[PDB]
Amino acid sequence: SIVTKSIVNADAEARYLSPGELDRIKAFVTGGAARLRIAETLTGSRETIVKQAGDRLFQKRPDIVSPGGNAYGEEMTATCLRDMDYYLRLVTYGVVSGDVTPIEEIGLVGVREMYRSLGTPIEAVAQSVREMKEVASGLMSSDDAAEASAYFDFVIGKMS
Amino acid sequence: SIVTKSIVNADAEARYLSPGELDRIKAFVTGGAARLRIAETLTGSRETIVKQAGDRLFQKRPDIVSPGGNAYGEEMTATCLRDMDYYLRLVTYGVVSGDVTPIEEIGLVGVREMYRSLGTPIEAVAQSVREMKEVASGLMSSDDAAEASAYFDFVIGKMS
Amino acid sequence: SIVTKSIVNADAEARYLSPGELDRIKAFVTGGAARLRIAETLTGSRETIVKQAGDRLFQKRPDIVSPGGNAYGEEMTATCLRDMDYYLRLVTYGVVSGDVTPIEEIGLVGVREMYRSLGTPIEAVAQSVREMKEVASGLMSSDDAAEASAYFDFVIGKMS
Amino acid sequence: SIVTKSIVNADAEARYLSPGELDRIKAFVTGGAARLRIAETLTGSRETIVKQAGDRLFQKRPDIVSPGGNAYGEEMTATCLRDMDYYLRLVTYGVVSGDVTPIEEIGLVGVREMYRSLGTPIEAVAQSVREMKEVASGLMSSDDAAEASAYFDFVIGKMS
Amino acid sequence: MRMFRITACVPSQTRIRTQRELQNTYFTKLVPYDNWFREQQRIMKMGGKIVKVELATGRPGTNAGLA
Amino acid sequence: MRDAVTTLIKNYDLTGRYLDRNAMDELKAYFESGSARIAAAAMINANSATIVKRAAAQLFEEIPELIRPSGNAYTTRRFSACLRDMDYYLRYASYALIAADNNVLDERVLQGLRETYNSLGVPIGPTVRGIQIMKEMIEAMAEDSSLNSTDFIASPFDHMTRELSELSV
Amino acid sequence: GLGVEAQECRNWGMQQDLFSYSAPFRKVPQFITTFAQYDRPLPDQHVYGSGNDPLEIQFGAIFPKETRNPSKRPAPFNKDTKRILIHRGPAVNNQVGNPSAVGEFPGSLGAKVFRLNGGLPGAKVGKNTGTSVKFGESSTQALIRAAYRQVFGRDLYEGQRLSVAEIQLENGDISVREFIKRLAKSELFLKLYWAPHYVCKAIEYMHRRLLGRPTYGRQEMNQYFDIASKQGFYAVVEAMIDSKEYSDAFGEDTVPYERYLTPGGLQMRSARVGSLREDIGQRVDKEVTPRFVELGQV
Amino acid sequence: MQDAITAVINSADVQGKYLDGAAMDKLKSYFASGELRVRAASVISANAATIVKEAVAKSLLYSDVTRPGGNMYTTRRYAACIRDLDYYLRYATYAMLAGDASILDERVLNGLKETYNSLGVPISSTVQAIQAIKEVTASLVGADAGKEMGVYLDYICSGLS
Amino acid sequence: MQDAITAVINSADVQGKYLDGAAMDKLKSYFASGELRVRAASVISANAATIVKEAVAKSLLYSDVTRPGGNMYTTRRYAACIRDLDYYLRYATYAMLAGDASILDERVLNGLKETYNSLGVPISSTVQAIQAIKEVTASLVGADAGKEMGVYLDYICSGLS
Amino acid sequence: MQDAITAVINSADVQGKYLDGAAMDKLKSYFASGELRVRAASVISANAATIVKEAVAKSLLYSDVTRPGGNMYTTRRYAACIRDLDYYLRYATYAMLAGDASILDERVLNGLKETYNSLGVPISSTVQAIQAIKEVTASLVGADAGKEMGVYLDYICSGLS
Ligand SMILES: *[C@H](C)[C@H]1/C(=C/c2[nH]c(/C=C3N=C(/C=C4\NC(=O)C(CC)=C4C)C(C)=C\3CCC(=O)O)c(CCC(=O)O)c2C)NC(=O)[C@@H]1C
Ligand SMILES: *[C@H](C)[C@H]1/C(=C/c2[nH]c(/C=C3N=C(/C=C4\NC(=O)C(CC)=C4C)C(C)=C\3CCC(=O)O)c(CCC(=O)O)c2C)NC(=O)[C@@H]1C
Ligand SMILES: *[C@H](C)[C@H]1/C(=C/c2[nH]c(/C=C3N=C(/C=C4\NC(=O)C(CC)=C4C)C(C)=C\3CCC(=O)O)c(CCC(=O)O)c2C)NC(=O)[C@@H]1C
Ligand SMILES: *[C@H](C)[C@H]1/C(=C/c2[nH]c(/C=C3N=C(/C=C4\NC(=O)C(CC)=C4C)C(C)=C\3CCC(=O)O)c(CCC(=O)O)c2C)NC(=O)[C@@H]1C
Ligand SMILES: *[C@H](C)[C@H]1/C(=C/c2[nH]c(/C=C3N=C(/C=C4\NC(=O)C(CC)=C4C)C(C)=C\3CCC(=O)O)c(CCC(=O)O)c2C)NC(=O)[C@@H]1C
Ligand SMILES: *[C@H](C)[C@H]1/C(=C/c2[nH]c(/C=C3N=C(/C=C4\NC(=O)C(CC)=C4C)C(C)=C\3CCC(=O)O)c(CCC(=O)O)c2C)NC(=O)[C@@H]1C
Ligand SMILES: *[C@H](C)[C@H]1/C(=C/c2[nH]c(/C=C3N=C(/C=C4\NC(=O)C(CC)=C4C)C(C)=C\3CCC(=O)O)c(CCC(=O)O)c2C)NC(=O)[C@@H]1C
Ligand SMILES: *[C@H](C)[C@H]1/C(=C/c2[nH]c(/C=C3N=C(/C=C4\NC(=O)C(CC)=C4C)C(C)=C\3CCC(=O)O)c(CCC(=O)O)c2C)NC(=O)[C@@H]1C
């Protein structure tokens, strides 16, 4: 979290917390209500975001779900939607934490090696997260959509 | 029916029915035997038209039954074939009545709003009804197909 | 325009402009500079948005540019990009006017039967407008994308 | 109020509120402190605005207080000043609500029929409210007196 | 009373009517004097062009006897 | 006659639902406000006669035409009827303060009050003026006294004022 | 009564009407109806009372009478209180939620629409004399009869028809809007539907005939009542014809038709033993031949 | 409104089934009776005013209804009663052609009893006029078609009484 | 209709006095809530159709209401039910923006029970549909503004009671 | 109230003349059908609760109305609906025994429509319940007595509508 980063940056140079870190933590605390609202509407609409974004992904990229594809079959399609729900949950965790380090520590270290072992196209996973970004950004106000799309675009950058 | 149309026009003009409407009504009454024959053929072979036209629809438009489509899944495919069976039943109603009034009142007013709320592509539903038209036209006699084709492409025109 | 709408309402009630409507004119005049900023960003990036959104449309629906489709051939693709350019020009007019009235008056009434007579899939043109929305939101400012997306999805809802 | 006016207009158009209307409501609820400061200014100076404006009206149109006039006498002069205070209270209500609807539902519909039943000169009451506007602009700052003068000028236009 | 003979052409602007619309698009009709202002304003806010108007009945400058 | 718990039960019963966390939160809010409601009602019982006398005095000095000829507080019969009506308003306001609901006010005060006042010529404007005068003096007395929560006191009087009042705008 | 004891302020008007000697002639149970309408919201009723609603029949402004069999049901309708009306045609063509569908014709669900779709006879001098079977005149005469029926819901008599207005519309000197205007401004309409009725009753019935629509409420009724007070019945007719909703629903060639209904009128039309559909307020069990009959069948 | 065909179609639609054997039998019965219905409707449309004339001669004329103090006294009230009987005969012909009384309940009997009780119209005299229409129609048209018309005329009698 | 500001102005005008400090406090409270109300209204106006879609899928779809013999069976009745849920969502958004249920009293609940009883519309099924709208809107907007919307949706339900 | 005897007596009395032969044929028909009316009333009085039970099971059970939010949700309102159907069946037997629908218009109908409108009672659904009562009664008693009961049950439905 932002609190974790500020405490770590103070402790690395072995001092108490600077006024800049206090101002940053104060901004984190004041934006906590809006961040909690964004996380609340994401976890409330968690099923329809995954459903609509998976539908848009499978319409835009039929090759991953056609026979010979990585996600062909109902079980592999359900596993792909489970992965999309996993990344939406990590997006909600990042929205709560105010930064990107829970998404990084849980689902973005070794993601390329994992999906290379799985045989899954990582650019198609990034397309799935981009469709989740578009569907979720259509479900909020403009500032909330930009704030959530920041974490979404971090996941896009880590996947591609 | 044409009887209800003639009585509605006579009621609107506050007069007894015109003798022209009288021979059109007795002509419909005498020619209703062929209408009952067409309705008997469609009722007897109702699952055959639905099955073949559904297969031809899903081959022509694979996106609606691919994942991400509106009709993906066995229960959604069964619901789509139930909708096709509903429209075939309405076609039999129109053939029996001699008029497009039961078809329009039961399953064509607000169809665009209904399918827009459901997310179903109305042009693909029109393609489904067109496939039912081709299967039934190949399945019955030429004059019977020409008689049923007026109701069929009335449904096509109202959907498109 | 909201100026035109306020004058129409004032002449409908046969009266001068109410102070709330005058304050609406105040707010519209104030926001016209930012709306014009949206306008020159869109008309400066009109070529890239149209070309790359048309390419994304071609990859999404390859049957459009395939032989046997509507947009097969260099002159047919020229007409397709001309339609894209016309619709984006209407969106620039809409973000200039602050209202959907120029789009609805120039290029959004009777488009269903127009493209029915042309044989063009209205779902395909709606998908093209959706890709133009996505490319414009990616290439253009985000609150300004929320401004332009009202006109964009008004076009989406009217065509589809 | 502005909220009720926007809801009435959107209900007549059978739609939700426009984003411009929502931005106007946001501007209204941010400027709430300023307009309630105008309200407390007017309630502080309620008895002085009517005093100076009645003095200006009586020195401008002495036929009002001449014998045979509508407001001849002590008690009729008191009733005239009470109507002046009523209109000042309605202007206070209007600048609080942000709309001229609380002004016009109480003191502008049927005012001509009421004052022709009472024999009162409507243009002289309009001149009285003009003098109230000038006194309020005297003991008020520039832009806020322009803001209150919008509603005052609505009263002048709808009365005269 | 005094009547106005008018000739007008109004366009359709909101929807494409599928029925025959000559009789309400281009038409000539008799409108009364007291109703010509509201009838004209209805056409003029509708968006048509009144190409002709004349006083069919009565004479100009009729102080008394206009009814 | 329905209090807050009863109208919450009726609202959930209409939908056929069990009491969820929102319902338990509303019941917890009512049960934590209930001590302040009981203290406020005991205060209402304490100063009832003096508050109706001084509220009537404030009403008749604000609108002096009521106690004059052609007014509807003219005789002592009209005066005692006005005092009885104001005491009725205070008593049912106490009932609504205990119940935390204005359904008692709707069922037993407001559903025929316009009809009776139009039948007998009793004004409806000075009536709600006296009701609001009672509201201001009771709220000031509760602010003076050791009452932690005083926000709920204005709700029955403002409900009476809005329901009995005439739609100006 | 009133002075004997303290009177409870919940059965005031019901007790006042009950203590009169006319109580055994009100057969409407007033107490239970008012006590139920106390709990429930505002009913399907005209803003000026239950007696201000005509029967939704073809002709005849049949109103409830306050004295004969007293059935008055007052309800405190405020100014901007729109009455929910039921559209005759498609339900999505209701102008409350779809205001751009005012001009949509209710095909096969609403009333029949009569228009000047055919050309009027003698419109052009292309048929230079002769031309015995100039075909479109029976359609125009049926249009005249339909306009007559809409203004006065029944067919008229011989001396009552406005033959000069008929001839002017048939020649094309006036349009359908001015023809309906003259039919409503005729003294026959004044004698039949304006003079024998209460003023707001006549305003409401005339709105239902000239627009096919009950009034939404106090705003429109106040407007037409103020016009009736100031200028009179001819000007209320003029304002009703020149209203924007009239021009939106009906053109210069369209005779008015019944577009909206009250819920009570629709209940009277389609709640009888006949014309009531099987799935309106009934559980429709899917009737099937029994499974043992199916197994015993060959 | 609805005819017998539309009634069968609506029953099958609400019941959620196709046209089974009994529905086709009802449609065949209606198609059998349709020629008789058309012939009877043509006969009534020919002799429309004669039925009402013979009915008022048989049932209403030379009585206290026609005499002063009666409801059918004035020429206006006489023309009103003649128009009412014209409407009743025309809508009974409509119901005879359709094979259903839905148009009778939708456009005639809705509020008709309340209308006649508000106007003071004699219910018994109007019923006797409809019975006179029934026997004159049965004499002028035929036996089976006269019975078919009399079913809907008795439906109007039951709805009005 | 009356919002909070117009209700305060109406109360003070029937009082006959100017706005005292309690009017200032109520106005400032409404202005404090106004930004949350505007944000909720914007989100609901953007997602108007999807809330109705999820509510119909949650409550009315695949039931006897939409099966043959049901009142949501025929597609004009289905589109009417969709438009009714759009009515309830839009007017609940209006009531949440106004901070008052006066518009629901004047335009939504005015004769709605008699309307639905005349039509045959299922009262408890549309109550469950409004309940599904309430749950979907509370999931889509949040606890606070969802609760505020649910107050007026429950007001519509209790009017339908 | 009036039975058939008092009806023909008052019809003779209003015009002031004595009984003719045509008035005597009314009494001949009534005394022909009197013992059928007696045995039908005995059967329905024997099975009075059973008809209401099968009618509610046929039409009203498992519909929207018994579900929460419906008009027959609470057990008190269910008992009130059973009470209303007992009223309708008993007064229909009264009208069947009298041979004239005066008791229905005098004690059941003249004041019931607006009472049901004030209570919110669905008039179309209770008309369908009365139709179910008619079907079960016609199954129990017979064809002629069943349609004789159905005439007055349709009279109750027409008074409600
Ligand atoms: C098949 C050609 C296409 C398609 C179908 C599809 N439909 C639905 C869902 C429904 N469709 C209806 C429609 C009707 N009801 C009627 O009574 C009539 C006329 C007689 C019609 C046309 C209804 C009511 C439903 C809802 C089902 C229910 O009973 O609750 C679905 C399911 C959508 C979902 O998400 O559940 C589908 C898939 N989809 C296609 O792609 C084909 C083009
Ligand atoms: C197309 C061949 C050329 C053309 C078309 C064009 N048409 C209009 C509008 C109208 N057309 C008519 C014509 C008719 N109305 C009828 O009822 C009938 C007979 C059944 C005819 C022939 C009318 C009346 C109009 C006016 C609008 C209306 O529909 O009432 C326009 C103008 C549209 C506008 O106002 O913007 C145009 C441009 N122009 C061409 O260049 C094509 C070669
Ligand atoms: C003291 C020697 C005198 C006196 C003074 C006084 N009176 C009031 C107020 C009221 N007086 C009345 C009296 C009447 N009502 C009637 O119908 C009749 C005729 C039989 C009478 C005499 C009433 C009702 C009031 C209260 C209403 C009001 O304020 O006027 C006051 C004021 C008390 C206060 O301000 O609280 C005073 C000081 N009354 C006498 O009888 C003595 C002559
Ligand atoms: C005093 C604030 C105002 C006033 C009062 C006044 N009221 C009446 C008479 C009646 N008031 C009622 C009202 C109620 N009955 C109830 O049961 C309840 C709630 C428990 C109420 C509020 C009734 C029924 C009457 C009539 C008989 C009676 O007193 O019970 C009068 C008398 C008028 C007369 O001439 O008889 C008066 C004077 N008048 C004002 O001016 C003050 C604004
Ligand atoms: C005599 C000048 C002509 C004539 C007369 C004739 N009349 C009838 C029958 C009826 N005439 C009326 C007329 C009225 N009743 C009224 O109350 C009024 C207005 C005050 C009028 C005008 C009526 C009602 C009848 C019906 C009989 C009845 O009153 O009960 C007849 C008999 C027709 C028949 O065939 O029975 C005749 C012969 N006939 C002529 O040729 C003279 C020109
Ligand atoms: C004739 C058999 C007996 C009779 C008739 C009579 N009727 C009227 C006048 C009216 N009749 C109606 C009835 C209807 N309204 C409808 O919508 C329909 C179905 C389409 C019907 C049948 C109405 C409304 C009137 C009122 C006037 C009008 O026509 O609009 C009268 C005149 C009563 C009067 O006061 O004018 C009479 C006399 N009365 C008899 O005695 C005959 C036995
Ligand atoms: C959907 C949740 C349920 C349902 C609905 C249903 N509604 C109708 C038709 C109408 N609904 C209204 C209601 C209103 N009109 C208004 O102006 C307002 C406030 C803005 C409301 C709430 C009306 C008037 C109608 C009649 C059509 C019209 O719009 O004029 C129907 C159709 C009835 C029919 O027989 O076609 C239906 C089916 N039914 C269900 O089963 C769902 C539970
Ligand atoms: C179970 C403990 C016993 C029992 C139950 C049983 N009940 C029914 C049917 C119904 N029961 C009710 C009762 C209520 N509805 C309410 O809303 C409430 C209060 C909240 C009550 C108490 C109703 C209305 C029905 C009808 C179903 C419907 O919704 O329409 C049955 C079925 C009877 C049938 O023939 O269908 C049964 C079997 N039976 C036992 O033996 C247990 C002792």
# chains A, B, ... in the order shown; residues from 1 in each chain; ligands from 1
>>> residues_near_ligand(ligand="ligand 5", cutoff="10 Å", atoms="only C-alpha atoms and all ligand atoms", output="list in words")
residues 53, 54, 56, 57, 58, 60, 61, 62, 63, 64, 65, 66, 67, 68, 69, 70, 72, 73, 74, 75, 76, 77, 78 and 79 of chain H
>>> closest_atom_pairs(of="range 11-85 of chain H", to="range 34-43 of chain B", cutoff="12 Å", atoms="only C-alpha atoms", output="JSON lines")
{"residue": "H:17", "atom": "CA", "partner": "B:43", "partner_atom": "CA", "distance": 10.0}
{"residue": "H:18", "atom": "CA", "partner": "B:43", "partner_atom": "CA", "distance": 6.6}
{"residue": "H:19", "atom": "CA", "partner": "B:43", "partner_atom": "CA", "distance": 7.1}
{"residue": "H:20", "atom": "CA", "partner": "B:43", "partner_atom": "CA", "distance": 8.3}
{"residue": "H:21", "atom": "CA", "partner": "B:40", "partner_atom": "CA", "distance": 9.5}
{"residue": "H:23", "atom": "CA", "partner": "B:36", "partner_atom": "CA", "distance": 10.6}
{"residue": "H:24", "atom": "CA", "partner": "B:36", "partner_atom": "CA", "distance": 7.4}
{"residue": "H:25", "atom": "CA", "partner": "B:36", "partner_atom": "CA", "distance": 10.2}
{"residue": "H:26", "atom": "CA", "partner": "B:36", "partner_atom": "CA", "distance": 11.5}
{"residue": "H:27", "atom": "CA", "partner": "B:36", "partner_atom": "CA", "distance": 8.5}
{"residue": "H:28", "atom": "CA", "partner": "B:36", "partner_atom": "CA", "distance": 8.6}
{"residue": "H:31", "atom": "CA", "partner": "B:36", "partner_atom": "CA", "distance": 10.6}
>>> residues_near_ligand(ligand="ligand 6", cutoff="6 Å", atoms="only C-alpha atoms and all ligand atoms", output="list in words")
residues 57, 58, 59 and 60 of chain G; 65, 71, 72, 77, 80, 81, 84, 85, 107, 108, 119, 121, 122, 125, 126 and 129 of chain H
>>> write_last_selection(atoms="C-alpha atoms", output="PDB file, in the first residue's frame")
ATOM      1  CA  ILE G  57     -68.926   4.580 -24.393  1.00  0.00           C
ATOM      2  CA  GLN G  58     -69.372   5.471 -28.054  1.00  0.00           C
ATOM      3  CA  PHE G  59     -71.800   8.374 -27.609  1.00  0.00           C
ATOM      4  CA  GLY G  60     -73.529  10.217 -24.808  1.00  0.00           C
TER       5      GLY G  60
ATOM      6  CA  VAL H  65     -94.417   4.445 -24.008  1.00  0.00           C
ATOM      7  CA  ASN H  71     -89.892   7.620 -22.505  1.00  0.00           C
ATOM      8  CA  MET H  72     -90.377   7.299 -26.277  1.00  0.00           C
ATOM      9  CA  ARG H  77     -86.594  10.329 -28.250  1.00  0.00           C
ATOM     10  CA  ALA H  80     -83.033   7.911 -30.362  1.00  0.00           C
ATOM     11  CA  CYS H  81     -84.838   4.609 -29.761  1.00  0.00           C
ATOM     12  CA  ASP H  84     -80.553   2.329 -30.546  1.00  0.00           C
ATOM     13  CA  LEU H  85     -82.436  -0.569 -32.144  1.00  0.00           C
ATOM     14  CA  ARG H 107     -68.763  -1.907 -27.770  1.00  0.00           C
ATOM     15  CA  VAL H 108     -72.385  -2.267 -26.605  1.00  0.00           C
ATOM     16  CA  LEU H 119     -81.458   8.233 -18.623  1.00  0.00           C
ATOM     17  CA  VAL H 121     -84.905   4.228 -20.345  1.00  0.00           C
ATOM     18  CA  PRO H 122     -87.294   1.301 -19.633  1.00  0.00           C
ATOM     19  CA  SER H 125     -89.577  -2.245 -22.843  1.00  0.00           C
ATOM     20  CA  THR H 126     -86.143  -2.301 -24.498  1.00  0.00           C
ATOM     21  CA  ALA H 129     -88.193  -4.544 -28.397  1.00  0.00           C
TER      22      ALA H 129
END
>>> residues_around(residues="residue 4 in chain E", least_positions_apart="4", cutoff="6 Å", atoms="only C-alpha atoms", output="MDAnalysis selection string")
chainID E and resid 30:32 54:56
>>> interface_residues(of="chain J", to="chain G", cutoff="6 Å", atoms="only C-alpha atoms", output="list in words")
residues 59, 63, 111, 115, 118, 119, 124, 125, 158 and 161 of chain J
>>> residues_around(residues="residue 140 in chain D", least_positions_apart="2", cutoff="12 Å", atoms="only C-alpha atoms", output="ChimeraX atom specification")
/D:37-42,44-45,49,132-138,142-149
>>> interface_residues(of="chain I", to="chain A", cutoff="9 Å", atoms="only C-alpha atoms", output="ChimeraX atom specification")
/I:39-40,42-44,46-47,54,136,138-143
>>> closest_atom_pairs(of="range 5-108 of chain G", to="range 202-220 of chain G", cutoff="10 Å", atoms="only C-alpha atoms", output="Markdown table")
| residue | atom | partner | partner_atom | distance |
| --- | --- | --- | --- | --- |
| G:45 | CA | G:217 | CA | 9.9 |
| G:46 | CA | G:217 | CA | 7.2 |
| G:47 | CA | G:217 | CA | 5.9 |
| G:48 | CA | G:218 | CA | 8.2 |
| G:52 | CA | G:204 | CA | 7.6 |
| G:53 | CA | G:204 | CA | 7.8 |
| G:54 | CA | G:205 | CA | 6.8 |
| G:55 | CA | G:205 | CA | 9.6 |
| G:56 | CA | G:208 | CA | 9.3 |
| G:58 | CA | G:209 | CA | 9.8 |
| G:59 | CA | G:209 | CA | 9.4 |
| G:60 | CA | G:205 | CA | 9.4 |
| G:61 | CA | G:205 | CA | 6.6 |
| G:62 | CA | G:205 | CA | 9.4 |
| G:63 | CA | G:205 | CA | 9.5 |
| G:77 | CA | G:218 | CA | 7.9 |
| G:78 | CA | G:218 | CA | 7.2 |
| G:79 | CA | G:218 | CA | 5.0 |
| G:80 | CA | G:219 | CA | 6.5 |
| G:81 | CA | G:217 | CA | 6.0 |
| G:82 | CA | G:216 | CA | 4.8 |
| G:83 | CA | G:216 | CA | 5.0 |
| G:84 | CA | G:216 | CA | 7.7 |
| G:85 | CA | G:214 | CA | 7.7 |
| G:86 | CA | G:213 | CA | 9.6 |
| G:87 | CA | G:213 | CA | 9.1 |
| G:88 | CA | G:212 | CA | 9.9 |
>>> closest_residue(among="D:81, D:12, D:65, D:155", to="ligand 7", atoms="only C-alpha atoms and all ligand atoms")
D:12
>>> select_by_dssp(residues="chain C", states="alpha helix (DSSP H)", output="VMD selection string")
chain C and resid 2 to 12 19 to 44 46 to 60 62 to 65 74 to 97 101 to 106 111 to 118 122 to 139 142 to 159
>>> closest_residue(among="E:22, E:44, E:3, E:34", to="chain C", atoms="only C-alpha atoms")
E:44
>>> residues_around(residues="residue 65 in chain F", least_positions_apart="6", cutoff="12 Å", atoms="only C-alpha atoms", output="ChimeraX atom specification")
/F:59,71-74,123,126
>>> residues_near_ligand(ligand="ligand 2", cutoff="7 Å", atoms="only C-alpha atoms and all ligand atoms", output="list in words")
residues 11, 12, 13, 16, 17, 19, 20, 21, 22 and 25 of chain E
>>> write_last_selection(atoms="N, CA, C and O atoms", output="compact mmCIF listing (two decimals), in the first residue's frame")
# COMPACT_ATOMS: atom_id res chain seq x y z
N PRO E 11 -42.15 20.69 -44.80
CA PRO E 11 -41.37 19.45 -44.93
C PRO E 11 -41.50 18.56 -43.70
O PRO E 11 -41.83 19.01 -42.60
N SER E 12 -41.24 17.28 -43.91
CA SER E 12 -41.09 16.35 -42.80
C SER E 12 -39.64 16.36 -42.32
O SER E 12 -38.70 16.32 -43.12
N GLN E 13 -39.47 16.42 -41.00
CA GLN E 13 -38.15 16.58 -40.42
C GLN E 13 -37.78 15.53 -39.39
O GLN E 13 -36.58 15.32 -39.16
N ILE E 16 -39.79 9.49 -41.50
CA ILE E 16 -40.14 9.24 -42.89
C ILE E 16 -41.52 8.58 -42.89
O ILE E 16 -41.66 7.41 -42.55
N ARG E 17 -42.54 9.35 -43.26
CA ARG E 17 -43.89 8.82 -43.32
C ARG E 17 -44.03 7.88 -44.51
O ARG E 17 -43.60 8.19 -45.62
N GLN E 19 -46.98 6.76 -45.72
CA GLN E 19 -48.27 6.95 -46.37
C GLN E 19 -48.19 8.15 -47.30
O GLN E 19 -47.16 8.81 -47.43
N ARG E 20 -49.31 8.43 -47.98
CA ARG E 20 -49.35 9.54 -48.92
C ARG E 20 -49.49 10.86 -48.18
O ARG E 20 -50.41 11.04 -47.37
N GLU E 21 -48.56 11.79 -48.45
CA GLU E 21 -48.43 13.00 -47.64
C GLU E 21 -48.44 14.28 -48.49
O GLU E 21 -48.01 15.33 -48.00
N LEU E 22 -48.92 14.21 -49.74
CA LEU E 22 -49.05 15.42 -50.55
C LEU E 22 -50.10 16.37 -49.97
O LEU E 22 -49.90 17.59 -49.97
N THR E 25 -48.60 18.05 -47.13
CA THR E 25 -47.33 18.69 -47.45
C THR E 25 -47.56 19.99 -48.22
O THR E 25 -47.21 21.07 -47.74
>>> residues_near_ligand(ligand="ligand 3", cutoff="12 Å", atoms="only C-alpha atoms and all ligand atoms", output="MDAnalysis selection string")
chainID F and resid 50 52:69 71:83
>>> interface_residues(of="chain C", to="chain B", cutoff="9 Å", atoms="only C-alpha atoms", output="VMD selection string")
chain C and resid 116 123 160
>>> closest_residue(among="G:243, G:157, G:18, G:189", to="chain C", atoms="only C-alpha atoms")
G:243
>>> interface_residues(of="chain D", to="chain F", cutoff="10 Å", atoms="only C-alpha atoms", output="list in words")
residues 101, 102, 103, 104, 105, 106 and 107 of chain D
>>> write_last_selection(atoms="N, CA, C and O atoms", output="compact mmCIF listing (two decimals), in the first residue's frame")
# COMPACT_ATOMS: atom_id res chain seq x y z
N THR D 101 -39.57 29.34 -10.67
CA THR D 101 -40.82 28.63 -10.41
C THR D 101 -41.41 28.92 -9.02
O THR D 101 -42.64 29.12 -8.95
N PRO D 102 -40.66 28.96 -7.90
CA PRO D 102 -41.29 29.42 -6.65
C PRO D 102 -41.74 30.87 -6.68
O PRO D 102 -42.67 31.23 -5.95
N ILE D 103 -41.11 31.71 -7.50
CA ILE D 103 -41.59 33.08 -7.66
C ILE D 103 -42.92 33.09 -8.41
O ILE D 103 -43.88 33.75 -7.99
N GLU D 104 -43.00 32.34 -9.50
CA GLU D 104 -44.13 32.47 -10.41
C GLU D 104 -45.34 31.66 -9.96
O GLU D 104 -46.47 32.00 -10.31
N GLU D 105 -45.14 30.61 -9.16
CA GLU D 105 -46.29 29.86 -8.67
C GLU D 105 -46.99 30.57 -7.53
O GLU D 105 -48.15 30.25 -7.23
N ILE D 106 -46.33 31.53 -6.88
CA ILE D 106 -46.91 32.24 -5.76
C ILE D 106 -47.35 33.65 -6.15
O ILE D 106 -48.43 34.09 -5.77
N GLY D 107 -46.54 34.37 -6.94
CA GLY D 107 -46.84 35.77 -7.14
C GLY D 107 -46.89 36.30 -8.56
O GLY D 107 -46.94 37.52 -8.74
